[PDB]
Trainee: 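Can you read through this structure? Questions will come right after.
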Amino acid sequence: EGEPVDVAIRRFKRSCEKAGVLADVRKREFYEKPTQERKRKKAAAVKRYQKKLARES
Amino acid sequence: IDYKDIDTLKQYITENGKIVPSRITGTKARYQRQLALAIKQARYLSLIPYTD
Amino acid sequence: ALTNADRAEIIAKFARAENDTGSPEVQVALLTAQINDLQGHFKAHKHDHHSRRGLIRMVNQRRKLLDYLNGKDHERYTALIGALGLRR
Amino acid sequence: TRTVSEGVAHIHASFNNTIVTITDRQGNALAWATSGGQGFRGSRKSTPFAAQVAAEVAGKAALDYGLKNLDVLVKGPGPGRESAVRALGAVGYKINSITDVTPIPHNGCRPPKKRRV
Amino acid sequence: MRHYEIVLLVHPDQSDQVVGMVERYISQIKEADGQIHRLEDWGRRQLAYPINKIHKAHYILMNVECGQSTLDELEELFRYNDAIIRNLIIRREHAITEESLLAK
RNA sequence: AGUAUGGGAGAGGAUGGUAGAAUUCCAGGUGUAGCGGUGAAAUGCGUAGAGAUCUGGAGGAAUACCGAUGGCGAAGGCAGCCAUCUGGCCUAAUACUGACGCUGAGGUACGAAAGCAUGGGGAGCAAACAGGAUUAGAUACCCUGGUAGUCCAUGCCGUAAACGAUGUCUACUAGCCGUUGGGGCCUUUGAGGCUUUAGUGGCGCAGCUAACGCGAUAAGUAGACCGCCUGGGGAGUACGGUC
């Protein structure tokens with residue numbers, strides 16, 4: 001009702017960031033090969049596992 | 001778990017209709033697979049929306 | 001496919017002794033029945049390469065059991081191949 | 001002639017350019033504006049300020065129809081999307097709601113190749 | 001020789017005659033051997049999205065045992081009946097006789 | 001090593017049907033000057049009216065979220081939902097056959113993408129090709145279009161950094177920490193803890209190695225059978241032969 005337009009825009013930006021809609025279009029901008037997709041996913045998984053192990057230890 | 005249980009399904013469905021990852025839902029793998037199959041059957045039968 | 005009843009009937013027909021399930025005759029009869037059953041499937045599906053490998057495995061296993069039985073006892077082997085119509 | 005109290009404004013934001021169009025409900029357009037229209041021709045079209053001036057022009061055009069409240073729909077990733085809504089608020093229209101209508105395919109067509117720039 | 005769950009969505013305009021088609025299908029199933037383990041009417045509801053520009057429809061559920069020929073005939077009838085928009089046939093192993101949810 | 005009966009997990013394979021998102025096109029309504037693209041441009045496109053938005057229809061291809069150092073397959077590989085046909089694997093104690101095993105020259109089957117032959121299909125992308133740009137030059141990188149092909153049916157071709165750059169099979173040899181499918185045991189108030197089995201990962205003793213490094217998924221300690229190497233280039237080339 002009385003919420004400022006700027007505050008509403010900031011809330012909408014945060015909601016969109018949580019949704020992750022923009023990342024889908026960023027990915028869709030260009031085609032990618034399975035060869036690169038596998039390497040990207042493997043590297044991400046390795047990095048996440050290493051970080052988790054470092055935190056645990 | 002079955003397709004008809006919309007109340008249970010909505011908990012693991014997001015607001016936008018995206019299925020929630022097992023990372024957030026803290027679920028077992030077999031449960032997650034059954035859950036996703038149930039969600040897809042439900043949105044085929046038009047008990048929940050694919051998007052929005 | 002093949003039910004449990006038909007397999008029970010072949011086991012009963014070819015059982016050398018009571019409860020005998022692992023005899024060469026029983027195994028060869030079961031393999032022959034399964035192979036003949038799959039013949040219907042492979043005409044309706046010519047390019048199902050992944051199941052033809054299992055069919056080949058069944059054929060090889062039957063050949064091995066038949067050769068072993070021939071080595072063990074010639075008369076039994078003759079009787080079995082005559083009963084089941086196997087050329088060799 | 002016709003005056004409508006309710007409005008809906010679509011902000012099409014793209015890397016090359018940004019566009020704003022104000023329509024009535026049911027989708028009949030009233031006024032439109034572009035970065036190129038208010039000068040700012042060239043690579044400057046992508047600058048957010050061009051979006052601000054375009055939004056100002058669109059609001060001034062819509063003032064004739066006199067819709068005091070408008071929904072806002074933003075489509076596409078581009079600079080100046082925030083600037084467009086800020087300009088609309090400065091103009092003074094009441095925003096009923098703001099939503100993102102950007103489409104996400106379910107693995108449809110093949111996109112073009114990557115660029116070795 | 002198998003159990004199946006049948007989900008049918010039927011047009012509200014033709015929902016007036018549903019008692020006829022359900023009985024006809026029951027008779028057809030009973031013709032061969034027949035096993036209608038469960039038959040439920042969910043009630044008129046609103047489709048989540050418009051199906052052929054129909055915003056609401058009626059939901060029918062049937063847990064049945066029947067032969068393969070009966071399965072094919074039922075599928076053909078469902079396909080060729082216009083009032084039935086959208087059907088689902090799911091093979092299940094063992095019987096469900098307890099009253100299902102959403103039928104209250 | 002194998003068989004029968006009970007239970008389990010899986011994008012394993014073949015056929016058919018069907019759902020939704022998005023793109024391209026076609027047709028109707030609102031309405032006026034740009035749209036598009038790049039490092040900046042320009043080609044291209046727009047007042048026989050575009051772009052934008054809504055509405056309705058046609059068609060092709062591919063399955064967002066789930067999705068994972070996850071799963072299945074001999075390998076190559078496999079992902080929307082439903083039905084039918086169908087191969088393997090894991091799991092408990094009994095019952096049954098009684099060495100029926102391992103390997104394997106020749107031989108044979110399968111085998112990514114591209115390419116070839118007949119018929120069909122053709123949305124998006126795109127070798128060749130046309131044009132616009134940058135450049136001393138542009139034959140390319142960038143941009144505007146675009147054909148074969150990418151798709152379906154029926155055959156052929158037999159090649160990859162077809163890689164773990166590590167042939168198959170069997171037994172033994174400190175430990176610590178994960179994960180997937182099963183079995184068993186103890187707590188309890190229903191979820192936890194322990195052990196075992198078949199897979200899939202991270203550290204690491206001895207041992208091995210020129211070093212890097214491997215380390216119960218060995219590249220350690222031993223056995224069985226096979227393929228392959230003998231300085232670099234000429235050269236996987238010439239002649240002959242098979243397809």
Side-chain angles (χ1 to χ4, degrees), chain A residues 24 28 31 41-42 45-46 48-50 52-53 56-57, chain B residues 12-14 16-23 29-30 32-33 35-37 39-41 43-44 46 50-51, chain C residues 1 4 7-8 11 15-27 30-31 38 40-42 44-57 61 64-65 67-69 71-72, chain D residues 8 10 12 14-17 19-21 23-24 26-32 34 36-37 41-43 73 75 103-113 115-117, chain E residues 4 49 68 71-72 75 79 86-91:
Chain A
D24 296 323
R28 273 297 192 290
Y31 163 88
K41 279 186 171 169
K42 195 67 164 58
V46 170
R48 289 192 285 89
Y49 171 74
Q50 290 295 354
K52 181 209 71 173
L53 182 96
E56 185 248 338
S57 314
Chain B
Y12 312 90
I13 301 172
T14 65
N16 203 168
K18 254 62 181 323
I19 311 137
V20 187
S22 80
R23 323 194 324 277
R30 262 176 53 267
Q32 176 89 34
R33 300 196 294 268
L35 195 170
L37 182 35
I39 272 156
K40 295 194 267 168
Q41 279 162 355
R43 43 177 101 171
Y44 175 65
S46 196
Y50 292 82
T51 48
Chain C
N4 300 46
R7 294 181 226 113
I11 296 148
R16 307 267 281 107
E18 89 175 8
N19 269 1
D20 183 85
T21 49
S23 153
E25 293 104 331
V26 183
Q27 289 187 28
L30 283 166
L31 290 188
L38 278 187
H41 162 77
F42 275 101
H45 306 265
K46 176 214 208 233
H47 299 282
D48 185 18
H49 304 309
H50 287 66
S51 291
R52 193 175 288 288
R53 194 173 181 257
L55 181 99
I56 292 310
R57 172 185 182 200
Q61 208 172 332
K64 275 161 177 168
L65 287 159
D67 279 351
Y68 167 72
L69 181 70
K72 269 281 147 160
Chain D
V8 289
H10 312 66
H12 181 297
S14 73
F15 299 101
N16 257 304
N17 184 22
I19 305 178
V20 199
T21 191
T23 93
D24 56 23
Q26 283 69 52
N28 298 52
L30 312 172
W32 74 263
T34 40
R41 212 293 319 287
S43 306
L73 320 170
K75 172 186 292 301
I104 312 303
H106 296 347
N107 245 336
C109 296
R110 188 174 167 120
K113 73 172 80 157
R115 316 168 44 195
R116 311 181 283 286
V117 285
Chain E
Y4 288 96
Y49 38 87
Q68 174 65 331
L71 183 74
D72 323 292
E75 217 308 299
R79 169 198 321 292
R86 190 143 307 185
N87 68 282
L88 200 74
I89 328 285
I90 292 187
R91 207 217 200 141

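Residue numbers start from 1 in every chain, and the chains themselves are labelled A, B, ... in the order their sequence lines are given, proteins ahead of strands. Hydrogens, waters and symmetry mates are skipped; everything else that's a heavy atom, side chains included, is used.
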Trainee: Distance between the P atoms of F/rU15 and F/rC152, in whole angstroms?
Mentor: 11 Å

Trainee: Using only side-chain N and O atoms of A/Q50, determine if any of them is under 4.0 Å from OP1 or OP2 of F/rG202.
Mentor: no

Trainee: What pucker, north or south, follows for F/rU5 from the sign of the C1'-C2'-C3'-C4' torsion?
Mentor: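 With a positive torsion about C1'-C2'-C3'-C4', the sugar belongs to the north class.
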
Trainee: So, does D/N17 get its side chain near the phosphate of F/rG36, meaning an N or O under 4.0 Å from OP1 or OP2?
Mentor: yes

Trainee: Does E/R86 qualify as a cation-pi partner of B/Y44, given the criterion of NZ or CZ under 6.0 Å from the six-membered ring centre and within 45 degrees of its axis?
Mentor: yes

Trainee: Between F/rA50, F/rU30, F/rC96, which one does the side chain of D/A29 approach most closely?
Mentor: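 Of the candidates, F/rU30 comes closest.
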
Trainee: Need to verify one output field. Residue with the more 5' nearest nucleotide on RNA chain F, D/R115 or C/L38?
Mentor: C/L38

Trainee: Using the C1' atom as the point on both nucleotides, what is the distance between F/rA61 and F/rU23, in whole Å?
Mentor: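 Comparing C1' positions in F/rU23 and F/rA61 gives a spacing of 10 Å.
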
Trainee: Identify all pairs in which a protein N or O lies below 3.5 Å from an N or O of nucleotides 7-14 of chain F, and state each distance.
Mentor:
residue : atom : partner : partner atom : Å
F/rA9   : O3'  : B/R33   : NH2          : 3.4
F/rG10  : OP1  : B/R33   : NE           : 3.2
F/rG10  : OP1  : B/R33   : NH2          : 3.4
F/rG13  : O2'  : C/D48   : OD1          : 2.5
F/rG13  : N2   : C/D48   : OD2          : 3.4
F/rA14  : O2'  : C/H45   : ND1          : 2.9

Trainee: Both distances under 3.5 Å, Watson-Crick or G-U wobble: report the partner of F/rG155, or none.
Mentor: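 With both distances under 3.5 Å, F/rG155 matches F/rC116.
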
Trainee: Is F/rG192 on the north side or the south side, where north means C1'-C2'-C3'-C4' is positive?
Mentor: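 North pucker for F/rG192; the sign of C1'-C2'-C3'-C4' is positive.
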
Trainee: Rounded to whole angstrom, note down the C1' distance from F/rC151 over to F/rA114.
Mentor: 16 Å

Trainee: Please classify the nucleic acid contact of D/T23 as base, sugar-phosphate, or nothing, using heavy-atom distances under 4.0 Å.
Mentor: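 Result for D/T23 = nothing.
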
Trainee: What pucker does F/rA161 have, north or south, from the sign of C1'-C2'-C3'-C4'?
Mentor: south

Trainee: Give C/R53 one of three labels, base, sugar-phosphate or nothing, depending on what nucleic acid heavy atoms sit under 4.0 Å from its own.
Mentor: base

Trainee: Looking at E/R79 and E/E75, does any basic side-chain N land under 4.0 Å from a carboxylate oxygen?
Mentor: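 Yes, charged N to carboxylate O under 4.0 Å.
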
Trainee: If you only use heavy atoms from C-beta on, which nucleotide in F/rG60, F/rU69, F/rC96 is closest to the side chain of A/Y49?
Mentor: F/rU69

